[PDB]
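Working notes, beginning with the structure itself.
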Amino acid sequence: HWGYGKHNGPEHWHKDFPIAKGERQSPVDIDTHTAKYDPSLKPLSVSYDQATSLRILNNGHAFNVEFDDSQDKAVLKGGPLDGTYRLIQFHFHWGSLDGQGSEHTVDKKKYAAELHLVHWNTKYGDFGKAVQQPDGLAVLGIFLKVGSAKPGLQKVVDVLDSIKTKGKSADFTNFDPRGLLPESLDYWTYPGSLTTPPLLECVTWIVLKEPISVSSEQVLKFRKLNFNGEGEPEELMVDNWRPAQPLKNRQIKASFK
Ligand SMILES: N[C@@H](Cc1ccccc1)C(=O)O
Ligand SMILES: [Hg+2]
Ligand SMILES: [Zn+2]
């Protein structure tokens with residue numbers, strides 16, 4: 001099974017998922033001096049007021065906070081997007097040390113972690129059909145740096161003890177994703193892919209420039225999770241990030257000047 005170790009990590013993914021060496025793979029390094037401000041971009045709209053979380057799950061590579069997407073409750077639109085994208089789940093990527101963990105990098109800078117809010121284009125009916133389209137998904141990426149604690153994240157942190165191992169899930173209702181957002185919505189955008197197998201190239205990436213700060217204690221809690229299942233040798237869930245991939249024939253647009 002794919003993972004982040006030496007024998008099943010990112011360098012091995014292309015074997016089971018050839019698209020790993022595709023033309024629009026993510027993450028990528030965001031070179032701020034090559035990214036161009038795009039006037040055609042409309043303001044970004046993040047509407048999470050009616051978000052309805054359902055459960056939190058440890059899938060062996062990260063933990064997913066799932067949402068009820070049977071209705072337009074939590075949506076993303078505007079910016080580089082055409083139409084409406086519904087929030088289906090969010091998760092993080094983090095390191096074993098504060099100096100690494102993010103997937104996208106800014107001028108080669110690696111953040112301690114990165115949050116990915118995954119949304120699917122409503123014109124496709126469901127997530128399954130959406131990931132069969134070039135504009136099927138929109139992922140809002142938010143960098144995490146270690147400093148002050150993030151209050152809106154503590155609820156996630158305190159439930160991790162109940163889903164320490166692969167396969168474990170816990171009721172995670174009434175979680176407000178708005179508490180994970182930074183002040184500014186300035187962002188960089190480019191066409192990309194999911195950063196975990198199957199690495200589908202259906203994502204319009206919207207990476208926020210402003211990182212959120214989380215405490216050392218909070219990230220340390222992330223690092224207590226296990227990649228392994230209950231009863232198996234303990235392998236700490238850390239460094240579950242894919243490195244920057246070739247930008248190839250792509251242009252990163254900045255929503256700001
Ligand atoms: N390997 C997982 C990858 C995944 C991660 C997160 C959400 C959905 C899927 C799969 O069965 O999907
Ligand atoms: Hg696609
Ligand atoms: Zn991700």
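Side chains included, hydrogens not; waters and symmetry mates left out as well; all remaining heavy atoms used. Indexing begins at 1, ligand by ligand and atom by atom, following the structure's order. In what follows, residues are counted from 1 in the order of the sequence shown.
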Measuring to protein heavy atoms, does anything land under 4.0 Å from [atom]?
atom	result
atom 1 (N) of ligand 1	yes
atom 5 (C) of ligand 1	yes
atom 10 (C) of ligand 1	no

Let me see the working for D68 and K73 under side chain to side chain contact (heavy atoms under 4.5 Å, CB included), right down to the final yes or no. CA-CA 8 Å; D68 165 47; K73 293 189 176 186; 3.2 Å; yes
Hey, is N64 one of the residues with a heavy atom under 4.0 angstrom from ligand 1? yes
Give a yes/no on ligand 1: does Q89 have at least one heavy atom closer than 4.0 angstrom to it? yes
Which angle, to the nearest 10 degrees, do you find at the Zn ion (ligand 3) between NE2 in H93 and NE2 in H91?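 Result: 100°, to 10°.
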Quick check: are there more than 12 heavy atoms from other residues, nucleotides or ligands sitting under 6.0 Å from CG of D72?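 Yes, the 6.0 Å shell around CG holds more than 12 heavy atoms from other groups.
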Can you confirm whether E11 is buried at CD, in the sense that more than 12 heavy atoms of other residues, nucleotides or ligands lie under 6.0 Å from that atom?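 12 or below, so no.
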Just checking, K109 and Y111: is the charged tip under 6.0 Å from the six-membered ring centre and within 45° of the axis?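 Yes, a cation-pi geometry holds between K109 and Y111.
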Ring centres under 6.0 angstrom apart (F67, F175): no
Which angle, to 10 degrees, forms at the Hg ion (ligand 2) with O of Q133 on one side and SG of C202 on the other?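 With the Hg ion (ligand 2) as the vertex, O (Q133) and SG (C202) sit 80° apart.
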Atom name in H116, limited to N/O/S, at shortest distance from the Zn ion (ligand 3): ND1
Partner of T196 by side chain to side chain contact (heavy atoms under 4.5 Å, CB included), out of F17, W2, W241: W2
